[PDB]
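Take a look at this single chain in structure tokens; it is the form deposited without the DNA.
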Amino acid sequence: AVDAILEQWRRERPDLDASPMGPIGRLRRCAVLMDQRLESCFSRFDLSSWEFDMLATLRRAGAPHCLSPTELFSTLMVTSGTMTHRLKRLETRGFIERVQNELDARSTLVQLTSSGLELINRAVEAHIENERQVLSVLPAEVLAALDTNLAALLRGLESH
């Protein structure tokens, strides 16, 4: 379907080289479809993708699962915009607590609660199984090549 779009541009604006639209269109379509598959599993734990990401990132820090907002933001799988209202929501649900920084009275830290820890330890197991199932449509060799080519793209994008 992406090639069909490229063919439309070749007909309608032949003065332009629309070739860059192909890889990016495929990347973004894959990402939307992938997000749907991931959310289908997060929903079983009454979590959104951004909630899972925050809890998983606190889990990955290791006990006692305390991160500064900057550390949290920097080690999320995906960032996009302020955390203010999202952190407030996760505290309202009781999965994190904002705690005073003992080394700076004017700032705070984010800590995973016992209920957040219990939940994310179960959710990450299901998430990995879900991801393994999603990717099972690709041969191992294709997945490996895709991973290395994405890492090359990611390095280029981050270098900008």
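Note that residue numbering begins at 1 and tracks the sequence as displayed. By rigid core we mean the largest C-alpha set that fits within 1.5 Å across both forms.
Below: the form deposited with the DNA bound, not depicted.
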**Prompt:** Of the residues 115, 121, 70, 40, which one places a heavy atom within 4.5 Å of the DNA in the bound PDB entry?
**Reply:** 70
**Asked** in the bound PDB entry, does residue 104 have a heavy atom within 4.5 Å of the DNA?
**Response** yes
**Prompt:** Can any non-hydrogen atom of residue 50 be found within 4.5 angstroms of the DNA in the bound PDB entry?
**Reply:** yes
**Asked** Is residue 108 a contact residue for the DNA in the bound PDB entry, using a 4.5 Å heavy atom cut-off?
**Response** yes
**Message:** Please tell me whether any heavy atom belonging to residue 60 falls inside 4.5 Å of a heavy atom of the DNA, as the geometry stands in the bound PDB entry.
**Reply:** no
**All of 77, 80 and 87 with a heavy atom within 4.5 Å of the DNA in the bound PDB entry** = yes
**Request:** Note yes or no: does the Cα of residue 40 move by 2 Å or more between this form and the one not shown after the core is superposed?
**Result:** no
**Asked** Is residue 101 one of the residues whose C-alpha moves 2 Å or more between this form and the one not shown after the core fit?
**Response** no
**Message:** Aligned on the rigid core, do the two forms place the Cα of residue 70 2 Å or more apart, comparing between this form and the one not shown?
**Reply:** yes
**Complete:** Relative to the shown structure, Cα residue 81 and Cα residue 100 in the bound PDB entry (3 Å or more change) are closer
**Fill in**
Working note: in the bound PDB entry the C-alpha atoms of residue 67 and residue 80, off by 3 Å or more, come closer
